[PDB]
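Listing of protein33.cif; format and content: mmCIF, N, CA and C atoms.
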```cif
data_start
#
loop_
_atom_site.label_atom_id
_atom_site.label_comp_id
_atom_site.auth_asym_id
_atom_site.auth_seq_id
_atom_site.Cartn_x
_atom_site.Cartn_y
_atom_site.Cartn_z
N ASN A 1 10.26 18.20 -0.84
CA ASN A 1 9.05 19.10 -0.92
C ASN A 1 7.76 18.52 -0.25
N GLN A 2 7.36 17.28 -0.57
CA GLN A 2 6.26 16.58 0.16
C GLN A 2 6.77 15.98 1.45
N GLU A 3 5.93 16.03 2.48
CA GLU A 3 6.34 15.59 3.80
C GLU A 3 6.41 14.07 3.92
N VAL A 4 5.46 13.37 3.31
CA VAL A 4 5.39 11.92 3.37
C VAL A 4 5.34 11.37 1.96
N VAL A 5 6.03 10.27 1.72
CA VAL A 5 6.15 9.66 0.40
C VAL A 5 5.99 8.15 0.51
N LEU A 6 5.14 7.58 -0.33
CA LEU A 6 4.93 6.15 -0.33
C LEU A 6 5.53 5.55 -1.59
N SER A 7 6.38 4.54 -1.44
CA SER A 7 6.95 3.82 -2.59
C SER A 7 6.43 2.39 -2.67
N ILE A 8 6.27 1.92 -3.90
CA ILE A 8 5.84 0.58 -4.20
C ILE A 8 6.86 0.00 -5.16
N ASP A 9 7.19 -1.26 -4.88
CA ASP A 9 8.07 -2.10 -5.66
C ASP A 9 7.31 -3.41 -5.87
N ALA A 10 7.14 -3.83 -7.12
CA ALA A 10 6.41 -5.06 -7.46
C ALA A 10 7.40 -5.98 -8.13
N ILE A 11 7.51 -7.20 -7.62
CA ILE A 11 8.54 -8.12 -8.07
C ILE A 11 7.89 -9.44 -8.41
N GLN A 12 8.00 -9.84 -9.67
CA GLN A 12 7.47 -11.12 -10.13
C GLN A 12 8.35 -12.23 -9.59
N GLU A 13 7.74 -13.17 -8.88
CA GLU A 13 8.44 -14.36 -8.43
C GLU A 13 7.87 -15.59 -9.16
N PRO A 14 8.52 -16.74 -8.98
CA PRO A 14 7.99 -17.97 -9.55
C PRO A 14 6.51 -18.23 -9.21
N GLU A 15 6.20 -18.45 -7.93
CA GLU A 15 4.84 -18.81 -7.51
C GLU A 15 3.86 -17.59 -7.26
N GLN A 16 4.34 -16.35 -7.36
CA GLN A 16 3.59 -15.20 -6.85
C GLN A 16 4.18 -13.86 -7.26
N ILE A 17 3.49 -12.77 -6.94
CA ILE A 17 4.01 -11.40 -7.12
C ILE A 17 4.15 -10.78 -5.74
N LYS A 18 5.28 -10.14 -5.47
CA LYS A 18 5.53 -9.52 -4.16
C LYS A 18 5.52 -8.01 -4.25
N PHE A 19 4.89 -7.37 -3.28
CA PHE A 19 4.84 -5.91 -3.22
C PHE A 19 5.49 -5.42 -1.95
N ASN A 20 6.52 -4.60 -2.11
CA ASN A 20 7.23 -3.99 -1.01
C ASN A 20 6.93 -2.52 -1.04
N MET A 21 6.56 -2.01 0.10
CA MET A 21 6.20 -0.63 0.26
C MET A 21 7.04 0.00 1.36
N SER A 22 7.21 1.29 1.24
CA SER A 22 7.81 2.06 2.31
C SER A 22 7.14 3.43 2.38
N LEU A 23 6.53 3.71 3.53
CA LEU A 23 5.99 5.02 3.81
C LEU A 23 7.08 5.81 4.56
N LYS A 24 7.56 6.88 3.95
CA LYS A 24 8.72 7.61 4.41
C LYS A 24 8.35 9.02 4.90
N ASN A 25 8.75 9.39 6.11
CA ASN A 25 8.58 10.77 6.61
C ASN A 25 9.83 11.49 6.21
N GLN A 26 9.70 12.35 5.20
CA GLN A 26 10.78 13.22 4.73
C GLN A 26 10.80 14.62 5.32
N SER A 27 9.86 14.95 6.21
CA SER A 27 9.83 16.25 6.84
C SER A 27 10.87 16.34 7.97
N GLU A 28 11.04 17.53 8.51
CA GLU A 28 11.87 17.75 9.69
C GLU A 28 11.12 17.48 10.99
N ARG A 29 9.85 17.10 10.90
CA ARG A 29 9.04 16.91 12.08
C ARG A 29 8.43 15.51 12.18
N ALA A 30 8.11 15.13 13.41
CA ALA A 30 7.41 13.88 13.67
C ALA A 30 5.95 14.09 13.22
N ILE A 31 5.35 13.06 12.64
CA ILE A 31 3.96 13.11 12.16
C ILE A 31 3.16 11.94 12.73
N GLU A 32 2.02 12.24 13.36
CA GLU A 32 1.13 11.22 13.90
C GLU A 32 0.06 10.84 12.90
N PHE A 33 -0.13 9.53 12.71
CA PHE A 33 -1.20 8.93 11.92
C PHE A 33 -2.11 8.15 12.85
N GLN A 34 -3.41 8.26 12.62
CA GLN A 34 -4.38 7.56 13.41
C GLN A 34 -5.15 6.62 12.54
N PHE A 35 -5.53 5.47 13.08
CA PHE A 35 -6.31 4.47 12.37
C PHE A 35 -7.50 4.14 13.26
N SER A 36 -8.62 3.79 12.64
CA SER A 36 -9.84 3.39 13.34
C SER A 36 -10.01 1.87 13.39
N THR A 37 -9.24 1.13 12.58
CA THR A 37 -9.14 -0.32 12.71
C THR A 37 -7.69 -0.74 12.64
N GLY A 38 -7.45 -2.02 12.89
CA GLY A 38 -6.12 -2.62 12.81
C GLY A 38 -5.48 -2.51 11.44
N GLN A 39 -6.30 -2.40 10.41
CA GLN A 39 -5.80 -2.41 9.04
C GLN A 39 -4.88 -1.22 8.84
N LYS A 40 -3.70 -1.47 8.27
CA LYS A 40 -2.70 -0.42 8.09
C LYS A 40 -2.74 0.13 6.64
N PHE A 41 -2.98 -0.74 5.67
CA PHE A 41 -3.03 -0.32 4.27
C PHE A 41 -4.11 -1.06 3.47
N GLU A 42 -4.32 -0.57 2.25
CA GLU A 42 -5.02 -1.33 1.21
C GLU A 42 -4.15 -1.40 -0.05
N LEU A 43 -4.23 -2.52 -0.75
CA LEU A 43 -3.44 -2.73 -1.99
C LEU A 43 -4.41 -3.41 -2.96
N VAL A 44 -4.45 -2.91 -4.19
CA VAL A 44 -5.36 -3.41 -5.22
C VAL A 44 -4.62 -3.52 -6.56
N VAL A 45 -4.76 -4.65 -7.23
CA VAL A 45 -4.04 -4.85 -8.46
C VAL A 45 -5.05 -4.79 -9.60
N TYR A 46 -4.91 -3.78 -10.46
CA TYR A 46 -5.79 -3.57 -11.62
C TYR A 46 -5.15 -4.09 -12.89
N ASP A 47 -5.98 -4.62 -13.79
CA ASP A 47 -5.50 -5.04 -15.11
C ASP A 47 -5.74 -3.92 -16.10
N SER A 48 -5.43 -4.17 -17.38
CA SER A 48 -5.58 -3.17 -18.44
C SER A 48 -7.02 -2.73 -18.72
N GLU A 49 -8.01 -3.41 -18.16
CA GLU A 49 -9.38 -2.92 -18.25
C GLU A 49 -9.84 -2.38 -16.89
N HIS A 50 -8.89 -2.15 -15.99
CA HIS A 50 -9.20 -1.68 -14.66
C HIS A 50 -10.13 -2.60 -13.86
N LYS A 51 -10.14 -3.88 -14.21
CA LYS A 51 -10.82 -4.85 -13.37
C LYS A 51 -9.85 -5.19 -12.22
N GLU A 52 -10.38 -5.40 -11.01
CA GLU A 52 -9.52 -5.76 -9.87
C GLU A 52 -9.05 -7.21 -9.99
N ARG A 53 -7.75 -7.47 -9.98
CA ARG A 53 -7.23 -8.86 -9.90
C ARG A 53 -6.85 -9.33 -8.48
N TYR A 54 -6.49 -8.38 -7.61
CA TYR A 54 -6.12 -8.69 -6.24
C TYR A 54 -6.48 -7.53 -5.36
N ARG A 55 -6.98 -7.85 -4.17
CA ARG A 55 -7.23 -6.89 -3.11
C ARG A 55 -6.80 -7.51 -1.78
N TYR A 56 -5.81 -6.89 -1.15
CA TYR A 56 -5.22 -7.34 0.12
C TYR A 56 -6.30 -7.59 1.17
N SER A 57 -7.24 -6.67 1.19
CA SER A 57 -8.32 -6.66 2.13
C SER A 57 -9.29 -7.85 2.00
N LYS A 58 -9.48 -8.39 0.79
CA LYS A 58 -10.46 -9.50 0.61
C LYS A 58 -9.95 -10.66 1.46
N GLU A 59 -10.87 -11.34 2.15
CA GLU A 59 -10.52 -12.55 2.95
C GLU A 59 -9.85 -12.25 4.29
N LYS A 60 -9.88 -11.00 4.73
CA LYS A 60 -9.25 -10.61 5.97
C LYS A 60 -10.19 -9.92 6.93
N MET A 61 -9.94 -10.13 8.21
CA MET A 61 -10.71 -9.51 9.25
C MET A 61 -9.79 -8.66 10.15
N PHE A 62 -10.21 -7.43 10.38
CA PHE A 62 -9.47 -6.49 11.19
C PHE A 62 -10.27 -6.11 12.41
N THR A 63 -9.54 -5.90 13.50
CA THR A 63 -10.04 -5.49 14.78
C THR A 63 -10.50 -4.03 14.67
N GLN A 64 -11.57 -3.67 15.36
CA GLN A 64 -12.05 -2.29 15.35
C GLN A 64 -11.38 -1.57 16.51
N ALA A 65 -10.07 -1.41 16.40
CA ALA A 65 -9.25 -0.79 17.40
C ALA A 65 -8.76 0.50 16.80
N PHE A 66 -8.82 1.59 17.56
CA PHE A 66 -8.16 2.82 17.16
C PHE A 66 -6.64 2.58 17.33
N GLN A 67 -5.82 3.23 16.52
CA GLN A 67 -4.35 3.14 16.68
C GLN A 67 -3.74 4.52 16.55
N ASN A 68 -2.60 4.74 17.19
CA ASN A 68 -1.92 6.03 17.14
C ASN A 68 -0.48 5.78 16.90
N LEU A 69 -0.01 6.19 15.73
CA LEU A 69 1.36 5.95 15.29
C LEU A 69 2.11 7.24 15.01
N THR A 70 3.35 7.34 15.47
CA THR A 70 4.17 8.51 15.20
C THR A 70 5.30 8.07 14.31
N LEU A 71 5.41 8.67 13.11
CA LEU A 71 6.63 8.56 12.29
C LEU A 71 7.57 9.75 12.58
N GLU A 72 8.72 9.45 13.15
CA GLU A 72 9.69 10.47 13.42
C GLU A 72 10.24 11.03 12.11
N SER A 73 10.81 12.23 12.23
CA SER A 73 11.58 12.82 11.16
C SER A 73 12.56 11.77 10.64
N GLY A 74 12.39 11.38 9.37
CA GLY A 74 13.31 10.46 8.68
C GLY A 74 12.90 8.99 8.69
N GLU A 75 12.00 8.61 9.60
CA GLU A 75 11.58 7.21 9.77
C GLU A 75 10.67 6.78 8.63
N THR A 76 10.70 5.48 8.33
CA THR A 76 9.86 4.84 7.33
C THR A 76 9.02 3.78 8.03
N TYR A 77 7.80 3.56 7.54
CA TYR A 77 7.00 2.41 7.94
C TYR A 77 7.05 1.46 6.73
N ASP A 78 7.68 0.31 6.90
CA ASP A 78 7.87 -0.63 5.82
C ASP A 78 6.85 -1.72 5.95
N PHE A 79 6.32 -2.13 4.80
CA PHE A 79 5.32 -3.18 4.77
C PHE A 79 5.24 -3.83 3.39
N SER A 80 4.83 -5.08 3.36
CA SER A 80 4.70 -5.76 2.09
C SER A 80 3.51 -6.72 2.00
N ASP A 81 3.28 -7.24 0.81
CA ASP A 81 2.21 -8.19 0.62
C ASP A 81 2.54 -9.07 -0.53
N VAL A 82 1.99 -10.28 -0.53
CA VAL A 82 2.15 -11.21 -1.63
C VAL A 82 0.80 -11.52 -2.32
N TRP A 83 0.79 -11.41 -3.65
CA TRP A 83 -0.34 -11.79 -4.44
C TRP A 83 0.03 -13.17 -4.89
N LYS A 84 -0.77 -14.14 -4.47
CA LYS A 84 -0.33 -15.52 -4.54
C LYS A 84 -0.69 -16.25 -5.84
N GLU A 85 -0.62 -15.55 -6.97
CA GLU A 85 -0.77 -16.19 -8.27
C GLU A 85 -0.26 -15.28 -9.37
N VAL A 86 0.75 -15.72 -10.09
CA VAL A 86 1.17 -14.97 -11.24
C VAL A 86 -0.02 -14.98 -12.23
N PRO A 87 -0.38 -13.81 -12.77
CA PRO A 87 -1.41 -13.77 -13.79
C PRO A 87 -0.74 -13.88 -15.16
N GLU A 88 -1.50 -13.62 -16.22
CA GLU A 88 -0.97 -13.72 -17.57
C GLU A 88 -0.10 -12.55 -17.88
N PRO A 89 0.86 -12.76 -18.77
CA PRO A 89 1.65 -11.63 -19.21
C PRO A 89 0.81 -10.40 -19.62
N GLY A 90 1.38 -9.23 -19.35
CA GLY A 90 0.73 -7.95 -19.60
C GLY A 90 1.16 -6.92 -18.57
N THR A 91 0.71 -5.70 -18.79
CA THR A 91 0.97 -4.62 -17.87
C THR A 91 -0.21 -4.48 -16.93
N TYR A 92 0.11 -4.25 -15.65
CA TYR A 92 -0.88 -4.06 -14.57
C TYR A 92 -0.49 -2.86 -13.71
N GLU A 93 -1.41 -2.44 -12.85
CA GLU A 93 -1.16 -1.33 -11.89
C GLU A 93 -1.52 -1.75 -10.47
N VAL A 94 -0.62 -1.49 -9.52
CA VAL A 94 -0.91 -1.71 -8.10
C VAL A 94 -1.09 -0.34 -7.45
N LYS A 95 -2.20 -0.17 -6.73
CA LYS A 95 -2.50 1.08 -6.00
C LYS A 95 -2.54 0.71 -4.52
N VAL A 96 -1.61 1.30 -3.77
CA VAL A 96 -1.54 1.13 -2.34
C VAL A 96 -2.08 2.42 -1.74
N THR A 97 -2.94 2.29 -0.73
CA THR A 97 -3.48 3.42 0.00
C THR A 97 -3.13 3.17 1.45
N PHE A 98 -2.61 4.18 2.14
CA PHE A 98 -2.29 4.05 3.58
C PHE A 98 -3.53 4.41 4.42
N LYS A 99 -3.85 3.57 5.40
CA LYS A 99 -5.05 3.76 6.16
C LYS A 99 -4.88 4.75 7.31
N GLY A 100 -3.66 5.02 7.73
CA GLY A 100 -3.47 6.05 8.76
C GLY A 100 -3.77 7.45 8.22
N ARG A 101 -4.34 8.30 9.08
CA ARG A 101 -4.76 9.65 8.73
C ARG A 101 -3.98 10.68 9.54
N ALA A 102 -3.20 11.52 8.87
CA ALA A 102 -2.44 12.57 9.57
C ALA A 102 -3.22 13.85 9.47
N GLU A 103 -3.19 14.66 10.52
CA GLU A 103 -3.86 15.95 10.49
C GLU A 103 -3.15 16.87 9.49
N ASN A 104 -3.94 17.53 8.64
CA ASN A 104 -3.41 18.36 7.53
C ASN A 104 -2.53 17.62 6.52
N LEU A 105 -2.93 16.39 6.23
CA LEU A 105 -2.32 15.64 5.14
C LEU A 105 -3.42 14.97 4.33
N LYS A 106 -3.34 15.18 3.01
CA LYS A 106 -4.06 14.37 2.04
C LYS A 106 -3.74 12.92 2.41
N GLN A 107 -4.71 12.01 2.25
CA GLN A 107 -4.44 10.57 2.44
C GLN A 107 -3.28 10.14 1.59
N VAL A 108 -2.44 9.25 2.11
CA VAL A 108 -1.24 8.88 1.37
C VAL A 108 -1.53 7.69 0.46
N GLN A 109 -1.47 7.90 -0.84
CA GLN A 109 -1.51 6.76 -1.75
C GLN A 109 -0.52 6.87 -2.88
N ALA A 110 -0.08 5.73 -3.40
CA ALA A 110 0.79 5.64 -4.56
C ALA A 110 0.22 4.59 -5.54
N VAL A 111 0.54 4.76 -6.83
CA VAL A 111 0.26 3.75 -7.86
C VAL A 111 1.57 3.34 -8.55
N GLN A 112 1.62 2.16 -9.15
CA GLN A 112 2.83 1.65 -9.78
C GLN A 112 2.49 0.66 -10.90
N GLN A 113 2.83 1.01 -12.15
CA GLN A 113 2.73 0.07 -13.28
C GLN A 113 3.78 -1.02 -13.10
N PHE A 114 3.46 -2.23 -13.56
CA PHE A 114 4.41 -3.33 -13.53
C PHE A 114 3.95 -4.37 -14.56
N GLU A 115 4.90 -5.01 -15.22
CA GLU A 115 4.59 -6.04 -16.22
C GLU A 115 4.71 -7.41 -15.64
N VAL A 116 3.73 -8.28 -15.88
CA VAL A 116 3.94 -9.70 -15.63
C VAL A 116 4.43 -10.25 -16.96
N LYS A 117 5.53 -10.98 -16.92
CA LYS A 117 6.10 -11.59 -18.12
C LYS A 117 6.02 -13.11 -17.94
#
```

As structure tokens:
Amino acid sequence: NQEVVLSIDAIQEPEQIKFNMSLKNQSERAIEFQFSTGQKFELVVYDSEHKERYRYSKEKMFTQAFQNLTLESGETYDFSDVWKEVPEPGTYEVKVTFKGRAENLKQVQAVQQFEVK
């Protein structure tokens, strides 16, 4: 029913937490996304008081380059990130937002609860 779908998988590792994402074109048509900088996504890890614990974007510099990307019918754009410190046990939420903009598409974002144990 939705043309594009973003999935998030959060996996607790020994030294860190890993986030695997896949932006999937489920439509029958190719879809173009445009970006105004090199940055492809944003990822933010919220705690139970909605304070930010991690932001992919902090500590990074992106080129001010326009980009033009086509996701074919069925194609996925796969991407991941590592949060380099396990926090304390509890439930958290990761919100990934895709920075590419498709004509006649709401911006693509997903959220995902995950427990650190």

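Counting from atom CA of residue A:94, the distance to atom CA of residue A:8 is 8.1 Å.
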
The PyMOL selection byres ((chain A and resi 63-68) around 5) applied to the shown file, residues as a PDB file with N, CA and C atoms, in the frame of the given file:
```
ATOM      1  N   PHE A  33      -0.130   9.530  12.710  1.00  0.00           N
ATOM      2  CA  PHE A  33      -1.200   8.930  11.920  1.00  0.00           C
ATOM      3  C   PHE A  33      -2.110   8.150  12.850  1.00  0.00           C
ATOM      4  N   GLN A  34      -3.410   8.260  12.620  1.00  0.00           N
ATOM      5  CA  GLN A  34      -4.380   7.560  13.410  1.00  0.00           C
ATOM      6  C   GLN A  34      -5.150   6.620  12.540  1.00  0.00           C
ATOM      7  N   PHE A  35      -5.530   5.470  13.080  1.00  0.00           N
ATOM      8  CA  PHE A  35      -6.310   4.470  12.370  1.00  0.00           C
ATOM      9  C   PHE A  35      -7.500   4.140  13.260  1.00  0.00           C
ATOM     10  N   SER A  36      -8.620   3.790  12.640  1.00  0.00           N
ATOM     11  CA  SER A  36      -9.840   3.390  13.340  1.00  0.00           C
ATOM     12  C   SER A  36     -10.010   1.870  13.390  1.00  0.00           C
ATOM     13  N   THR A  37      -9.240   1.130  12.580  1.00  0.00           N
ATOM     14  CA  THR A  37      -9.140  -0.320  12.710  1.00  0.00           C
ATOM     15  C   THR A  37      -7.690  -0.740  12.640  1.00  0.00           C
ATOM     16  N   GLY A  38      -7.450  -2.020  12.890  1.00  0.00           N
ATOM     17  CA  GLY A  38      -6.120  -2.620  12.810  1.00  0.00           C
ATOM     18  C   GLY A  38      -5.480  -2.510  11.440  1.00  0.00           C
ATOM     19  N   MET A  61      -9.940 -10.130   8.210  1.00  0.00           N
ATOM     20  CA  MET A  61     -10.710  -9.510   9.250  1.00  0.00           C
ATOM     21  C   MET A  61      -9.790  -8.660  10.150  1.00  0.00           C
ATOM     22  N   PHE A  62     -10.210  -7.430  10.380  1.00  0.00           N
ATOM     23  CA  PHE A  62      -9.470  -6.490  11.190  1.00  0.00           C
ATOM     24  C   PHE A  62     -10.270  -6.110  12.410  1.00  0.00           C
ATOM     25  N   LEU A  69      -0.010   6.190  15.730  1.00  0.00           N
ATOM     26  CA  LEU A  69       1.360   5.950  15.290  1.00  0.00           C
ATOM     27  C   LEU A  69       2.110   7.240  15.010  1.00  0.00           C
ATOM     28  N   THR A  70       3.350   7.340  15.470  1.00  0.00           N
ATOM     29  CA  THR A  70       4.170   8.510  15.200  1.00  0.00           C
ATOM     30  C   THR A  70       5.300   8.070  14.310  1.00  0.00           C
TER      31      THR A  70
END
```

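Every protein, DNA or RNA residue with an atom at most 6 Å from stretch 39-42 of chain A, where only N, CA and C atoms count and chain neighbours fewer than 2 positions away do not, is listed here: residues 37, 44, 56, 57, 62, 63, 95, 96, 97, 98, 99 and 100 of chain A.
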
With the file shown as input, list the residues that the PyMOL selection byres (((chain A and resi 72-83 and name CA) around 6) and name CA) selects, as a ChimeraX atom specification.
/A:16-30,71,84-85

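Atom C of residue A:50 lies 28.9 Å from atom CA of residue A:2.
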
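If you look at atom N of residue A:46 and atom CA of residue A:7, they are 16.1 Å away from each other.
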
Can you give me, as a ChimeraX atom specification, the residues this file yields under the PyMOL selection byres ((chain A and resi 90) around 6)?
/A:88-89,91-92,114-117

Of the residues A:105, A:110, A:10, A:93, which is the one nearest to residue A:51, using only C-alpha atoms?
A:93

Would you mind writing down, as a VMD selection string, each residue of chain A that DSSP on the backbone assigns to strand (DSSP E)?
chain A and resid 4 to 12 17 to 25 31 to 35 41 to 46 52 to 55 67 to 71 76 to 83 90 to 98 101 to 102 109 to 116

How big is the axis-aligned box, and where does its centre sit, when it encloses all atoms of stretch 54-72 of chain A listed in the file and has 8 Å added on every side, reported in Å to one decimal as AutoDock Vina command-line options?
```
--center_x -0.9 --center_y -0.8 --center_z 5.0 --size_x 38.3 --size_y 39.6 --size_z 41.2
```
